[PDB]
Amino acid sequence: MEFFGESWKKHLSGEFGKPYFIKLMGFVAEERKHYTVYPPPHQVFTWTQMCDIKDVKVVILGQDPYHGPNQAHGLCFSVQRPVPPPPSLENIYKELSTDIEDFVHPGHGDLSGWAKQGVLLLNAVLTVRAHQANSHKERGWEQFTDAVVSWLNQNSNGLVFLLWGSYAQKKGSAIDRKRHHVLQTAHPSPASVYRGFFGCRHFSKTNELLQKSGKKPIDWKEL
């Protein structure tokens, strides 16, 4: 029992011994000694703890973790109780309300409900220095997350990838566009949401693509 869920560890451990990862983890450790880094150590890999890797069906991809005190916890866009939904999440909920008829604001920002249904809540970069958005980009996280996306692309079928923001969209290259579905839009952050997110209907679209593939749809209200 530990940081990486068993199935994920079993399919990603090969990255552990690679120089870029040994260097990456070294960087994060040094940063944590001089600054506050989010999320906490034991929460950087929460996204491997919600469901078996062979059960992922949808992948919502973000940029990097929330950089405010105790928001980030391993699942992209999610915040544990009693932390109130951050602006980006309130925008996700707003999109969900007009996109999904029955969806109503859950009264909290914890997205474990989606994750448990097979929605991988990943960010392109997995750690961030307090108060500095995307401060840990280009340190090795992207290559690690490329490995994640790559395993899914190669070992799964009919997955729905949701790329939110320019950085997440960089993963676009790694996905067989005819073997999987890739939907891309602006980051739900207030600073960019008006660039396409509001009105993207990614949630209903995901379910329609899912149904056509013969998979049960995600119950976005199940939170």
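When you see a residue number, it is the position in the sequence shown, counting from 1.
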property: Higher-scoring stretch by recorded Cα B factor average, 211-219 or 11-19; result: 211-219
property: Given 78-86 and 120-128, the range whose Cα B-factors average higher in the PDB entry; result: 78-86
property: Maximum C-alpha temperature factor, selected from 53, 29, 162, 37; result: 53
property: Which of 91, 145, 112, 98 ranks first by CA B-factor in the deposited coordinates; result: 98
property: Position of residue 174 among the chain's modelled residues by C-alpha B-factor, lowest, middle or highest third; result: highest
property: Residue 198, C-alpha B-factor rank within chain (lowest, middle or highest third); result: middle
property: Ranked C-alpha temperature factor of residue 180 among modelled chain residues, by third; result: highest
property: Residue 46, C-alpha B-factor rank within chain (lowest, middle or highest third); result: lowest
property: Within-chain third of residue 136 by Cα B-factor, per the entry; result: lowest
